[PDB]
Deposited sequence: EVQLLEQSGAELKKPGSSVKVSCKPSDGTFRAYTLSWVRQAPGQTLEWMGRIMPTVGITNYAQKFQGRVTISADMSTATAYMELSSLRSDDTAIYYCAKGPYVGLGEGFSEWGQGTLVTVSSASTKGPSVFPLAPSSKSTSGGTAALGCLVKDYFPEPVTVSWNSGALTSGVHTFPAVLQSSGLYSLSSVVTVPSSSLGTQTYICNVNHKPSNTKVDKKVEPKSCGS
């Protein structure tokens, strides 16, 4: 309903621009806010723009280094945050609120954009099988930054899937596992593929896990 820009890795001191696109393709009588959430922090409201009239309001903590623009004809709102510090690593949401102003909160939300502010390099993930009701899985190792998304088959296998949160290894690289429990009588016939892609590294893998 509110398509949002993809995840990004940005170095400290640079600037990141996050886009927000309504599925209509046209702006209407509603205000567009930007809310972020840093790890271990509560939701933080940043700014506000009426794409129809052009009024922009920003929160004092971000006054000076945030700028919210809206490009009509494209019908895509933007948020730019310059002078990126380490603690700006957060999930950035755009949220639709009432035209009349703030108060009732936000009735619709984007999916979120994870902005990682770090000087480390982008590293593609390595995918390895977890071979065998029976349990079957995929190990996604040594990638940076977050996130990595995993689906099974091609979105067809959703029941019994567990994609674990990524953990931060002592090397600074991430790793996660995705596992699925399946009937034992299905191992001999059905096929199972992990759909692992990492956006920052343009690495898309389709590992087929087979028992041995």
Stretches of deposited sequence not represented by any CA atom are 1-3, 136-143, 224-227
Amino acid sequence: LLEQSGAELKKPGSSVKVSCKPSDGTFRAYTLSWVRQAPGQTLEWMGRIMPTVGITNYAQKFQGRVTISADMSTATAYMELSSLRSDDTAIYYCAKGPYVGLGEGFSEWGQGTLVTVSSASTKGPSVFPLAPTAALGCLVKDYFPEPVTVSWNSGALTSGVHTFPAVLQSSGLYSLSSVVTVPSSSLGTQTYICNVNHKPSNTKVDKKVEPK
From here on, numbers count along this sequence of modelled residues.
Comparing 203-211 with 2-10, the one whose average Cα B-factor in the PDB entry is higher: 203-211
Please compare 27-35 with 165-173 and name the stretch with the higher mean C-alpha B-factor in the deposited structure. 165-173
Deposited CA B-factor, highest of 69, 60, 178, 52: 60
Based on the PDB entry, the highest CA temperature factor among the options 124, 110, 137, 97 is that of 124
Is the Cα B-factor recorded for residue 151 in the lowest, middle or highest third of its chain? lowest
Divide the modelled residues of the chain into thirds by Cα B-factor and specify which third, lowest, middle or highest, holds residue 46. lowest
Within-chain third of residue 16 by Cα B-factor, per the entry: highest
Taking only the Cα B-factors deposited for this chain, tell me whether residue 80 sits in the lowest, middle or highest third. highest
Report the third (lowest, middle or highest) to which the CA temperature factor of residue 132 belongs, ranking only the modelled residues of the same chain. highest
